[PDB]
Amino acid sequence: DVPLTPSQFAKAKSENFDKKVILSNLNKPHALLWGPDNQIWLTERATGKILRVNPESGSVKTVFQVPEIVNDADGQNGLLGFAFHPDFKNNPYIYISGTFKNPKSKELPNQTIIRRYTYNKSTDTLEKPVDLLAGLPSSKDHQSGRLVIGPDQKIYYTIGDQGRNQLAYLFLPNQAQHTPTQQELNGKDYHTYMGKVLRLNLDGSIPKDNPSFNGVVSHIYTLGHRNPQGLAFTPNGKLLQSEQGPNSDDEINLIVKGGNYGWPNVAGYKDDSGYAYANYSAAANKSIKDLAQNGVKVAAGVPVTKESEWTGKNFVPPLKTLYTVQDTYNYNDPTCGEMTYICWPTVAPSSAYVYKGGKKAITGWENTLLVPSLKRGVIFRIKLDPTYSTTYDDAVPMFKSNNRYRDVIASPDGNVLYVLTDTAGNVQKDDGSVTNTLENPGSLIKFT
């Protein structure tokens, strides 16, 4: 899709909704869920706290604090994945993922672990931790970490590309396209588990019906992803996803078994438009600079591959891009002054939520996907047809404010939306400029 302008974003104020702050003292609130007890459960990424909030009254309790979570102030690591077992009353388990030190490792001292806890209703806390899958890659960037349980009773988990080929990890070779050998797998070497959607058995083992990649069945379900922070099943069992792109081409994807989503060789569609793959790990010197022009303009010494020059297999294009631009696009927009990036043709989607409606369903919102935006301070509404096979029309912005929206859910009746906002960071103002003064830092807000 074509980028909206600052003026278009500015007008998306959603005055048909009443706003109320439920909680405002949260630290890096990250995921929120409508729990089996009709309470809202949410996570704090850096503290590792799991909170439970009464949706009506706003009363809150800290149910548990995951010990030894590691978080960098300048990082995206910490407590990430969070889901309930679908038959909680009979299987009182909570599944998480988190950043923990890797005793087996200075560069990348940590690992990601997918862990199960048992909920004890009488004492109201979590106990009997079980590591389901450990030794997963960890870094400060592009961790993704959405964890959901599908209709098939398997765990689906997004694990980002770890930031390879950008900023602090510029010279590390991106592994989004790589898959494990049977040896690696046999040795629990999950280095290639970067830029993937994993599909695991509830005990962390490999599903016998997982797809085969380069001749091996591993935990990998799909590959070729950058930073997919949104993952959500539809009522008819399809799997929708949102994913952050570089300077362009954030994506809404339909996840299909064995698909290759193209990163880093392809951003968005395979169109050779506004992006090219500049592989710094293959560069001459590690002194070469990244001009940060999305591969369209690069310094000498770095090999560039056009999207159309890639020789990949099973490439699956996005349902929608937010956004795609042409090669004439100027990635250095003066409007954003110092924080040049905020003006890039992206929205920085932080999650993806399938709106299920209910007795008070919002008129016209049938079959919509809600996608919060960090940098634009809006929640997008994206309509799909009734079979969730295609998007209809464009991504419609809502709730414009000077806030970084991190996650969103709706009440069972469907007339109230609950959102999390970041504690700190940059956001685009109504006038297109940048501010780090957030209106509702680290909050749980409801829109009725």
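For clarity, a rigid core is taken as the largest C-alpha set superposing within 1.5 Å between two forms. Start at 1 and count along the sequence shown; that's the residue number.
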| Of the stretches 414-422 and 24-32, which sits farther from where it is here in 4 other deposited structures of this protein, on average over its Cα atoms, after fitting the core? | 24-32
| request: Could you tell me which of the two stretches, 395-403 or 51-59, has its Cα atoms lying farther from the shown structure in 4 other deposited structures of this protein after fitting on the rigid core? | output: 51-59
| query | Is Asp72 missing in a third or more of the other PDB entries that were compared? | reply | no
| said: Among other entries of this protein with both neighbours modelled, does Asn279 go without coordinates in a third or more of them? | reply: no
| Counting only residues of the deposited sequence, how many between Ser212 and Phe213 have no atoms in the entry (none, 1 to 3, 4 to 9, 10 or more)? | none
| request: Can you let me know which of the two, 337-345 or 140-148, has the higher average C-alpha B-factor in the entry? | output: 337-345
| task | Output the stretch having the higher mean C-alpha B factor in the entry; the candidates are 363-371 and 120-128. | result | 120-128
| said: Sorting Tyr157, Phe88, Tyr275, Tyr269 by Cα temperature factor from the record, which one lands on top? | reply: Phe88
| field | Options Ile220, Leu231, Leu319, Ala300 - largest CA temperature factor per the record | value | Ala300
| task | Name the third of the chain's ranked CA B-factors that contains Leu26, choosing lowest, middle or highest. | result | highest
| CA B-factor placement of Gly48, once the chain's modelled residues are sorted into thirds | lowest
| query | Compared with the other modelled residues in the chain, in which third is the CA B-factor of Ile114? | reply | lowest
| query | In terms of the CA temperature factor given in the entry, to which third of its chain does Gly78 belong: lowest, middle or highest? | reply | lowest
| request: Divide the modelled residues of the chain into thirds by Cα B-factor and specify which third, lowest, middle or highest, holds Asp385. | output: middle
